file start-v1.txt (compact mmCIF, C-alpha atoms)
# COMPACT_ATOMS: atom_id res chain seq x y z
CA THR H 313 -14.89 -225.75 75.29
CA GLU H 314 -13.87 -223.83 72.16
CA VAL H 315 -10.36 -223.31 70.86
CA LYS H 316 -9.68 -219.60 70.50
CA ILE H 317 -7.81 -218.66 67.33
CA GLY H 318 -6.46 -215.12 67.23
CA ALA H 319 -6.49 -213.21 63.96
CA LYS H 320 -4.27 -210.14 63.97
CA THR H 321 -5.98 -206.87 63.13
CA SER H 322 -4.46 -203.83 61.44
CA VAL H 323 -5.17 -200.21 62.28
CA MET H 324 -6.58 -197.67 59.84
CA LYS H 325 -5.29 -194.13 60.26
CA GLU H 326 -6.85 -190.92 58.95
CA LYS H 327 -5.43 -187.56 58.04
CA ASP H 328 -7.31 -184.73 56.38
CA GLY H 329 -10.16 -186.93 55.18
CA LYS H 330 -8.01 -189.71 53.75
CA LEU H 331 -7.09 -193.13 55.14
CA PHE H 332 -3.59 -194.54 55.64
CA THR H 333 -1.88 -197.64 57.02
CA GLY H 334 -0.15 -197.20 60.36
CA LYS H 335 3.19 -197.33 58.54
CA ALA H 336 2.21 -194.80 55.88
CA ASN H 337 0.78 -192.40 58.46
CA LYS H 338 4.06 -192.52 60.38
CA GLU H 339 6.44 -192.51 57.42
CA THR H 340 4.67 -190.35 54.85
CA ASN H 341 2.50 -188.16 57.06
CA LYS H 342 4.97 -188.01 59.96
CA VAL H 343 2.25 -188.69 62.52
CA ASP H 344 3.27 -190.85 65.49
CA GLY H 345 1.21 -193.98 66.00
CA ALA H 346 0.34 -195.25 69.49
CA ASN H 347 3.35 -197.56 69.45
CA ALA H 348 5.98 -199.35 67.38
CA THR H 349 3.45 -201.92 66.16
CA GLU H 350 1.18 -199.30 64.61
CA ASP H 351 4.18 -197.53 63.09
CA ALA H 352 5.17 -200.75 61.31
CA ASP H 353 1.61 -201.74 60.37
CA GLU H 354 1.29 -202.30 56.61
CA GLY H 355 -2.43 -203.08 56.79
CA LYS H 356 -2.17 -206.82 56.17
CA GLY H 357 -4.39 -207.48 59.18
CA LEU H 358 -8.14 -207.88 59.49
CA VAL H 359 -10.50 -205.14 60.68
CA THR H 360 -13.75 -205.10 62.68
CA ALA H 361 -17.09 -203.52 61.76
CA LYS H 362 -16.47 -200.79 64.34
CA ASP H 363 -13.02 -200.16 62.87
CA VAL H 364 -14.52 -199.65 59.40
CA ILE H 365 -17.44 -197.58 60.70
CA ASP H 366 -15.08 -195.28 62.58
CA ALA H 367 -12.51 -194.96 59.80
CA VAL H 368 -15.09 -194.36 57.08
CA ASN H 369 -16.86 -191.73 59.17
CA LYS H 370 -13.61 -189.76 59.35
CA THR H 371 -13.14 -189.64 55.57
CA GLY H 372 -14.39 -186.94 53.26
CA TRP H 373 -13.42 -184.15 50.93
CA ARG H 374 -11.61 -181.01 52.04
CA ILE H 375 -13.24 -177.60 51.70
CA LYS H 376 -11.36 -174.31 51.82
CA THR H 377 -12.88 -172.11 54.50
CA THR H 378 -12.66 -168.35 54.81
CA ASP H 379 -11.86 -166.49 58.04
CA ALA H 380 -13.54 -163.68 60.01
CA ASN H 381 -12.35 -161.17 57.42
CA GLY H 382 -13.45 -163.27 54.44
CA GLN H 383 -9.86 -164.18 53.61
CA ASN H 384 -8.66 -167.70 52.84
CA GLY H 385 -8.35 -169.88 55.93
CA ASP H 386 -7.75 -173.57 56.58
CA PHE H 387 -9.36 -176.51 54.86
CA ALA H 388 -12.00 -178.43 56.77
CA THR H 389 -12.94 -182.06 56.27
CA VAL H 390 -16.46 -182.55 54.98
CA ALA H 391 -16.79 -185.93 56.64
CA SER H 392 -19.53 -188.55 56.26
CA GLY H 393 -22.80 -187.01 57.45
CA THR H 394 -21.49 -183.42 57.46
CA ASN H 395 -24.16 -180.88 56.51
CA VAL H 396 -23.40 -178.46 53.68
CA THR H 397 -25.60 -175.50 52.81
CA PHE H 398 -25.34 -173.30 49.73
CA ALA H 399 -26.79 -170.06 51.07
CA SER H 400 -28.23 -167.23 49.03
CA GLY H 401 -26.21 -164.05 49.36
CA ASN H 402 -26.26 -160.33 48.70
CA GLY H 403 -28.07 -159.99 45.39
CA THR H 404 -27.98 -163.71 44.66
CA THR H 405 -30.34 -166.65 45.03
CA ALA H 406 -29.22 -170.22 45.66
CA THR H 407 -31.23 -173.26 44.68
CA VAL H 408 -30.26 -176.88 45.19
CA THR H 409 -32.29 -179.54 43.44
CA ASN H 410 -32.22 -183.31 43.10
CA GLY H 411 -33.08 -185.20 39.92
CA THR H 412 -32.11 -188.12 37.71
CA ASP H 413 -28.83 -186.39 36.87
CA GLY H 414 -28.03 -186.03 40.56
CA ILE H 415 -27.69 -182.77 42.46
CA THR H 416 -27.68 -179.35 40.84
CA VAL H 417 -26.53 -176.26 42.70
CA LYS H 418 -27.25 -172.90 41.09
CA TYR H 419 -26.76 -169.24 41.92
CA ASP H 420 -28.88 -166.63 40.15
CA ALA H 421 -28.16 -162.93 40.28
CA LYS H 422 -31.09 -160.83 41.49
CA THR U 313 -12.82 -232.91 54.31
CA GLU U 314 -12.29 -229.43 55.77
CA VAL U 315 -13.20 -228.27 59.26
CA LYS U 316 -15.48 -225.25 59.02
CA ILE U 317 -14.69 -222.51 61.53
CA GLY U 318 -17.33 -219.80 61.86
CA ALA U 319 -16.26 -216.22 62.42
CA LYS U 320 -19.05 -213.96 63.63
CA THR U 321 -19.73 -210.90 61.51
CA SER U 322 -21.06 -207.54 62.65
CA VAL U 323 -23.51 -205.34 60.79
CA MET U 324 -22.80 -201.79 59.66
CA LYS U 325 -25.77 -199.43 59.76
CA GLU U 326 -26.15 -196.12 57.95
CA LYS U 327 -28.16 -193.01 58.66
CA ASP U 328 -27.96 -189.75 56.77
CA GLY U 329 -24.61 -190.55 55.16
CA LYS U 330 -22.88 -191.76 58.31
CA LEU U 331 -22.14 -195.28 59.57
CA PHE U 332 -23.11 -196.75 62.95
CA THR U 333 -22.89 -200.03 64.84
CA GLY U 334 -26.15 -201.93 65.20
CA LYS U 335 -26.25 -200.92 68.85
CA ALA U 336 -25.56 -197.24 68.19
CA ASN U 337 -28.15 -197.09 65.41
CA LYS U 338 -30.76 -198.52 67.78
CA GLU U 339 -29.77 -196.63 70.92
CA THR U 340 -28.58 -193.27 69.61
CA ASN U 341 -30.49 -193.02 66.33
CA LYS U 342 -33.58 -194.86 67.57
CA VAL U 343 -33.75 -197.00 64.43
CA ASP U 344 -34.90 -200.60 64.93
CA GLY U 345 -32.49 -203.25 63.71
CA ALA U 346 -33.71 -206.47 62.09
CA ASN U 347 -33.56 -208.26 65.44
CA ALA U 348 -32.19 -208.31 68.98
CA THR U 349 -28.75 -209.39 67.76
CA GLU U 350 -28.32 -206.34 65.53
CA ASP U 351 -29.62 -204.08 68.30
CA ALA U 352 -26.89 -205.36 70.63
CA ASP U 353 -24.16 -205.41 67.96
CA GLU U 354 -21.14 -203.35 69.07
CA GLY U 355 -19.23 -203.97 65.85
CA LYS U 356 -16.66 -206.39 67.26
CA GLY U 357 -17.36 -208.81 64.42
CA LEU U 358 -15.75 -209.22 61.02
CA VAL U 359 -17.21 -207.88 57.78
CA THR U 360 -17.22 -209.08 54.15
CA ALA U 361 -16.14 -207.21 51.02
CA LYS U 362 -19.79 -206.86 50.01
CA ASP U 363 -20.63 -205.51 53.47
CA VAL U 364 -17.97 -202.81 53.12
CA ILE U 365 -18.86 -202.03 49.51
CA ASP U 366 -22.52 -201.59 50.41
CA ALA U 367 -21.91 -199.59 53.58
CA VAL U 368 -19.34 -197.29 51.99
CA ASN U 369 -21.60 -196.63 49.01
CA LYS U 370 -24.28 -195.34 51.39
CA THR U 371 -21.99 -192.78 53.03
CA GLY U 372 -21.53 -189.19 51.97
CA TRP U 373 -22.04 -185.59 52.89
CA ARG U 374 -25.45 -184.00 53.35
CA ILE U 375 -26.59 -181.16 51.09
CA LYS U 376 -29.44 -178.80 51.90
CA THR U 377 -31.95 -178.87 49.06
CA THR U 378 -34.52 -176.24 48.18
CA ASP U 379 -38.17 -176.98 47.34
CA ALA U 380 -40.48 -176.12 44.43
CA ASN U 381 -40.75 -172.55 45.72
CA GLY U 382 -37.01 -172.15 46.26
CA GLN U 383 -37.40 -172.39 50.02
CA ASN U 384 -35.26 -174.56 52.29
CA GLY U 385 -36.18 -178.24 52.11
CA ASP U 386 -34.64 -181.46 53.40
CA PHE U 387 -31.02 -182.50 53.28
CA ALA U 388 -30.04 -185.15 50.75
CA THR U 389 -27.13 -187.53 51.01
CA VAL U 390 -24.47 -186.97 48.38
CA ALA U 391 -23.42 -190.60 48.40
CA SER U 392 -20.42 -192.26 46.73
CA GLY U 393 -20.77 -191.80 42.97
CA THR U 394 -23.50 -189.13 43.22
CA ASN U 395 -23.27 -186.53 40.45
CA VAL U 396 -23.13 -182.87 41.45
CA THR U 397 -23.40 -180.01 38.97
CA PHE U 398 -22.75 -176.34 39.66
CA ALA U 399 -25.00 -174.74 37.06
CA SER U 400 -24.71 -171.23 35.69
CA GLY U 401 -27.71 -169.10 36.58
CA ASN U 402 -29.49 -165.86 35.79
CA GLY U 403 -26.69 -163.38 35.17
CA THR U 404 -23.99 -165.71 36.46
CA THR U 405 -21.47 -168.11 34.96
CA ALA U 406 -20.21 -171.24 36.70
CA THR U 407 -16.87 -172.85 35.99
CA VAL U 408 -15.44 -175.94 37.65
CA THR U 409 -11.80 -176.74 37.08
CA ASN U 410 -9.32 -179.36 38.24
CA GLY U 411 -5.67 -178.67 39.00
CA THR U 412 -2.82 -179.45 41.38
CA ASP U 413 -4.67 -177.68 44.18
CA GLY U 414 -7.73 -179.84 43.59
CA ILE U 415 -11.12 -178.64 42.41
CA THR U 416 -12.09 -175.00 42.08
CA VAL U 417 -15.70 -173.92 41.69
CA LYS U 418 -16.34 -170.32 40.70
CA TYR U 419 -19.32 -168.11 39.91
CA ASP U 420 -18.79 -164.93 37.89
CA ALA U 421 -21.42 -162.24 37.54
CA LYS U 422 -22.26 -161.39 33.94
CA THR Y 313 4.83 -224.58 65.02
CA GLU Y 314 1.51 -222.92 64.11
CA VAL Y 315 -1.16 -224.32 61.83
CA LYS Y 316 -1.86 -221.83 59.05
CA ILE Y 317 -5.54 -221.43 58.22
CA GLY Y 318 -6.29 -219.54 55.01
CA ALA Y 319 -9.28 -217.24 54.86
CA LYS Y 320 -10.29 -216.26 51.34
CA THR Y 321 -10.41 -212.54 50.63
CA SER Y 322 -12.65 -210.73 48.18
CA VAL Y 323 -11.68 -207.80 45.99
CA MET Y 324 -13.35 -204.39 46.09
CA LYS Y 325 -13.60 -202.61 42.75
CA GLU Y 326 -14.21 -198.91 42.14
CA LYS Y 327 -15.72 -196.99 39.27
CA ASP Y 328 -16.49 -193.29 39.23
CA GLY Y 329 -16.33 -192.92 43.01
CA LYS Y 330 -18.47 -195.94 43.86
CA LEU Y 331 -17.51 -199.44 45.02
CA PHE Y 332 -18.49 -202.75 43.40
CA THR Y 333 -17.89 -206.47 43.83
CA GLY Y 334 -15.61 -208.05 41.25
CA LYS Y 335 -18.66 -209.69 39.68
CA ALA Y 336 -20.72 -206.50 39.57
CA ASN Y 337 -17.83 -204.50 38.11
CA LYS Y 338 -17.47 -207.07 35.33
CA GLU Y 339 -21.16 -207.73 34.69
CA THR Y 340 -22.80 -204.37 35.33
CA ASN Y 341 -19.93 -201.98 34.62
CA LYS Y 342 -18.35 -204.11 31.88
CA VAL Y 343 -14.86 -203.65 33.33
CA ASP Y 344 -12.55 -206.67 33.06
CA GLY Y 345 -11.14 -207.92 36.34
CA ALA Y 346 -7.58 -209.25 36.61
CA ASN Y 347 -8.83 -212.80 36.10
CA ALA Y 348 -11.78 -215.20 36.18
CA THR Y 349 -11.75 -215.30 39.98
CA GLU Y 350 -12.26 -211.55 40.32
CA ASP Y 351 -14.95 -211.63 37.63
CA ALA Y 352 -16.90 -214.19 39.67
CA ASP Y 353 -16.22 -212.54 43.04
CA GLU Y 354 -19.49 -211.79 44.87
CA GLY Y 355 -17.74 -210.18 47.84
CA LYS Y 356 -18.32 -213.00 50.33
CA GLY Y 357 -14.64 -212.94 51.27
CA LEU Y 358 -12.77 -211.06 53.97
CA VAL Y 359 -10.76 -207.88 53.37
CA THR Y 360 -7.58 -206.41 54.87
CA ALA Y 361 -7.05 -202.97 56.41
CA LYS Y 362 -5.03 -201.95 53.34
CA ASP Y 363 -7.84 -203.18 51.08
CA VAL Y 364 -10.35 -200.98 52.91
CA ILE Y 365 -8.00 -198.01 53.10
CA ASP Y 366 -7.34 -198.18 49.36
CA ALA Y 367 -10.95 -198.76 48.34
CA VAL Y 368 -12.34 -196.05 50.60
CA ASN Y 369 -9.77 -193.54 49.37
CA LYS Y 370 -11.03 -194.07 45.82
CA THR Y 371 -14.65 -193.27 46.68
CA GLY Y 372 -16.29 -189.88 46.51
CA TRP Y 373 -18.87 -187.75 44.80
CA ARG Y 374 -18.70 -186.77 41.15
CA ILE Y 375 -18.40 -183.13 40.13
CA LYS Y 376 -19.17 -181.81 36.65
CA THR Y 377 -16.15 -179.93 35.35
CA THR Y 378 -16.06 -177.32 32.62
CA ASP Y 379 -13.50 -177.23 29.79
CA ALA Y 380 -11.08 -174.62 28.43
CA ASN Y 381 -13.99 -172.77 26.83
CA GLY Y 382 -16.18 -172.91 29.94
CA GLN Y 383 -18.42 -175.55 28.39
CA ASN Y 384 -19.54 -178.73 30.14
CA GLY Y 385 -16.82 -181.36 30.33
CA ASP Y 386 -16.39 -184.68 32.14
CA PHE Y 387 -17.20 -185.47 35.73
CA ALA Y 388 -14.31 -185.82 38.15
CA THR Y 389 -14.28 -187.86 41.33
CA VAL Y 390 -13.95 -185.77 44.47
CA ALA Y 391 -12.23 -188.55 46.36
CA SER Y 392 -11.35 -188.77 50.06
CA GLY Y 393 -8.94 -185.95 50.87
CA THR Y 394 -9.57 -184.04 47.62
CA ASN Y 395 -9.36 -180.26 48.07
CA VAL Y 396 -12.30 -178.16 46.91
CA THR Y 397 -12.24 -174.37 46.74
CA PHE Y 398 -15.19 -172.08 46.15
CA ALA Y 399 -13.44 -169.11 44.55
CA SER Y 400 -14.76 -165.57 44.36
CA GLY Y 401 -15.38 -164.47 40.78
CA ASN Y 402 -16.05 -161.47 38.59
CA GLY Y 403 -18.30 -159.26 40.69
CA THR Y 404 -18.91 -161.93 43.32
CA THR Y 405 -17.51 -162.82 46.72
CA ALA Y 406 -17.33 -166.35 48.10
CA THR Y 407 -17.29 -167.18 51.79
CA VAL Y 408 -17.15 -170.63 53.34
CA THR Y 409 -17.81 -170.95 57.04
CA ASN Y 410 -18.07 -173.74 59.58
CA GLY Y 411 -20.54 -173.81 62.46
CA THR Y 412 -22.88 -176.03 64.46
CA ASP Y 413 -25.06 -176.48 61.38
CA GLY Y 414 -22.07 -177.66 59.37
CA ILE Y 415 -20.57 -175.90 56.38
CA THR Y 416 -22.13 -172.91 54.66
CA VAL Y 417 -21.00 -171.76 51.23
CA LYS Y 418 -22.23 -168.37 50.05
CA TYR Y 419 -21.77 -166.12 47.03
CA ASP Y 420 -22.54 -162.41 47.35
CA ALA Y 421 -22.82 -160.09 44.38
CA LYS Y 422 -20.54 -157.06 44.60

call {"tool": "encode", "arguments": {"input": "start-v1.txt", "output": "structure tokens"}}
result
Amino acid sequence: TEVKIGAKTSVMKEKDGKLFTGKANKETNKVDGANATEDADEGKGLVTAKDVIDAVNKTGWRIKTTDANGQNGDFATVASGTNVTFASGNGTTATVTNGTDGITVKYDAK
Amino acid sequence: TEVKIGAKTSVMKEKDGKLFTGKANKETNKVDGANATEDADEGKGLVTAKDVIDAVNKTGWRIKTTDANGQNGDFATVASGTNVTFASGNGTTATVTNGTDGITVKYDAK
Amino acid sequence: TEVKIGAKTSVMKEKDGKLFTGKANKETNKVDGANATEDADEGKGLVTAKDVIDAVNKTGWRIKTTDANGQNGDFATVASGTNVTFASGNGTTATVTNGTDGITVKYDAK
């Protein structure tokens, strides 16, 4: 019955919490796409709900982690839905509260 | 004059700062959609600007809050645009600076 | 050969880490769009991959910064991909670890 009309989609790439076109990911970030089409993809195409859901879930800020010896390690992406806890420490007390001015994190010294 | 050609859209669900298809939200997260269509929605459909704006604004990381007694409480979503303050505390001083390496939060002991 | 069928797109605006329709940005945020079309744009239109990539990259949470004298300054947007470091300070030690419960930031007093 119907006439099917194809609308080309574009891919959305992610690296380190940030989104990129297929072309930018290949050319700026030096990450190989799945094929020559992705590598040339300037993002002019449409996207699906699932595409957006998946891409957005990958994004986030980058937090510097520390290693087993407490020294600086790699960044980690604090992606959508990622839990973050500000823990009390030796001789300190952490509180995290929510109000009209947003979130307030605080450390007190014991 | 024109011939109207309908393109089916898909919904984007959110839970705790993360996005989900209608089907995933129902089946993995056990949250009822508005109807059977949403509950079966695998995200193959298109989305509007407003859809994306609204969905993206809901996303964010999750921060552990503390209650009126300073004990661990629920997480809260630090959504797009949410203000976060790192406050100085009893015998501590907070500074938050911005540079080429991004943001640096620091607590000094007085 | 082909018949070209135009699908109207909608713009996605950003302010302070949050997304808005063209109409909302103009009317609620009081920011001029590029033209009368943007200013009336309710987001019913489609978007491209690049549109979503660019808009999503602008979003993030807002962190209160402190100025050259350590006093409260402006907020800054911690956008997708933005690096955040929790630095050890005078008489304190910062650790940031990653586990099954997500990220845990901690300050110990020396």

call {"tool": "interface_residues", "arguments": {"input": "start-v1.txt", "of": "chain Y", "to": "chain U", "cutoff": "7 Å", "atoms": "only C-alpha atoms", "output": "ChimeraX atom specification"}}
result
/Y:322-324,328-333,355-359,371-378,382,394-404

call {"tool": "atom_distance", "arguments": {"input": "start-v1.txt", "atom1": "atom CA of residue Y:321", "atom2": "atom CA of residue Y:350"}}
result
10.5 Å

call {"tool": "atom_distance", "arguments": {"input": "start-v1.txt", "atom1": "atom CA of residue H:314", "atom2": "atom CA of residue Y:315"}}
result
16.4 Å

call {"tool": "residues_near_point", "arguments": {"input": "start-v1.txt", "point": "(-25.6, -197.0, 70.0)", "cutoff": "12 Å", "atoms": "only C-alpha atoms", "output": "short mmCIF file (atom, residue, chain, number, x, y, z; two decimals) with C-alpha atoms, in the frame of the given file"}}
result
data_model
loop_
_atom_site.label_atom_id
_atom_site.label_comp_id
_atom_site.auth_asym_id
_atom_site.auth_seq_id
_atom_site.Cartn_x
_atom_site.Cartn_y
_atom_site.Cartn_z
CA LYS H 362 -16.47 -200.79 64.34
CA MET U 324 -22.80 -201.79 59.66
CA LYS U 325 -25.77 -199.43 59.76
CA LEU U 331 -22.14 -195.28 59.57
CA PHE U 332 -23.11 -196.75 62.95
CA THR U 333 -22.89 -200.03 64.84
CA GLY U 334 -26.15 -201.93 65.20
CA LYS U 335 -26.25 -200.92 68.85
CA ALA U 336 -25.56 -197.24 68.19
CA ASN U 337 -28.15 -197.09 65.41
CA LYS U 338 -30.76 -198.52 67.78
CA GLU U 339 -29.77 -196.63 70.92
CA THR U 340 -28.58 -193.27 69.61
CA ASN U 341 -30.49 -193.02 66.33
CA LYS U 342 -33.58 -194.86 67.57
CA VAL U 343 -33.75 -197.00 64.43
CA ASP U 344 -34.90 -200.60 64.93
CA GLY U 345 -32.49 -203.25 63.71
CA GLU U 350 -28.32 -206.34 65.53
CA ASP U 351 -29.62 -204.08 68.30
CA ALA U 352 -26.89 -205.36 70.63
CA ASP U 353 -24.16 -205.41 67.96
CA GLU U 354 -21.14 -203.35 69.07
CA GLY U 355 -19.23 -203.97 65.85
#

call {"tool": "atom_distance", "arguments": {"input": "start-v1.txt", "atom1": "atom CA of residue H:349", "atom2": "atom CA of residue H:316"}}
result
22.4 Å

call {"tool": "build_atoms", "arguments": {"input": "start-v1.txt", "residues": "stretch 340-353 of chain U", "atoms": "N, CA, C and O atoms", "output": "compact mmCIF listing (two decimals), keeping the file's coordinate frame"}}
result
# COMPACT_ATOMS: atom_id res chain seq x y z
N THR U 340 -28.76 -194.70 69.84
CA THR U 340 -28.58 -193.27 69.61
C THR U 340 -29.54 -192.74 68.55
O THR U 340 -30.16 -191.69 68.74
N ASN U 341 -29.67 -193.48 67.45
CA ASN U 341 -30.49 -193.02 66.33
C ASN U 341 -31.95 -193.46 66.42
O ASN U 341 -32.79 -192.98 65.66
N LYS U 342 -32.22 -194.38 67.34
CA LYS U 342 -33.58 -194.86 67.57
C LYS U 342 -34.16 -195.55 66.33
O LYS U 342 -35.37 -195.46 66.07
N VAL U 343 -33.30 -196.22 65.57
CA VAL U 343 -33.75 -197.00 64.43
C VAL U 343 -33.70 -198.48 64.78
O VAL U 343 -32.65 -199.01 65.14
N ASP U 344 -34.84 -199.16 64.66
CA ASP U 344 -34.90 -200.60 64.93
C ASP U 344 -34.01 -201.39 63.97
O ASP U 344 -34.05 -201.18 62.76
N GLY U 345 -33.22 -202.30 64.52
CA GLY U 345 -32.49 -203.25 63.71
C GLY U 345 -33.43 -204.36 63.28
O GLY U 345 -34.62 -204.30 63.57
N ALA U 346 -32.90 -205.35 62.57
CA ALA U 346 -33.71 -206.47 62.09
C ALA U 346 -34.10 -207.40 63.23
O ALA U 346 -35.06 -208.17 63.11
N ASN U 347 -33.35 -207.35 64.32
CA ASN U 347 -33.56 -208.26 65.44
C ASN U 347 -32.74 -207.85 66.65
O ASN U 347 -31.99 -206.88 66.61
N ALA U 348 -32.88 -208.61 67.73
CA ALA U 348 -32.19 -208.31 68.98
C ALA U 348 -30.67 -208.40 68.85
O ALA U 348 -29.94 -207.71 69.56
N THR U 349 -30.19 -209.25 67.95
CA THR U 349 -28.75 -209.39 67.76
C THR U 349 -28.17 -208.11 67.17
O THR U 349 -27.15 -207.61 67.65
N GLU U 350 -28.80 -207.58 66.13
CA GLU U 350 -28.32 -206.34 65.53
C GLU U 350 -28.34 -205.21 66.55
O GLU U 350 -27.40 -204.42 66.62
N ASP U 351 -29.42 -205.15 67.32
CA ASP U 351 -29.62 -204.08 68.30
C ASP U 351 -28.57 -204.09 69.40
O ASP U 351 -28.36 -203.08 70.07
N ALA U 352 -27.93 -205.24 69.60
CA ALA U 352 -26.89 -205.36 70.63
C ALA U 352 -25.49 -205.37 70.02
O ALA U 352 -24.49 -205.47 70.74
N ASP U 353 -25.42 -205.26 68.70
CA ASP U 353 -24.16 -205.41 67.96
C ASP U 353 -23.22 -204.21 68.13
O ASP U 353 -23.51 -203.12 67.65
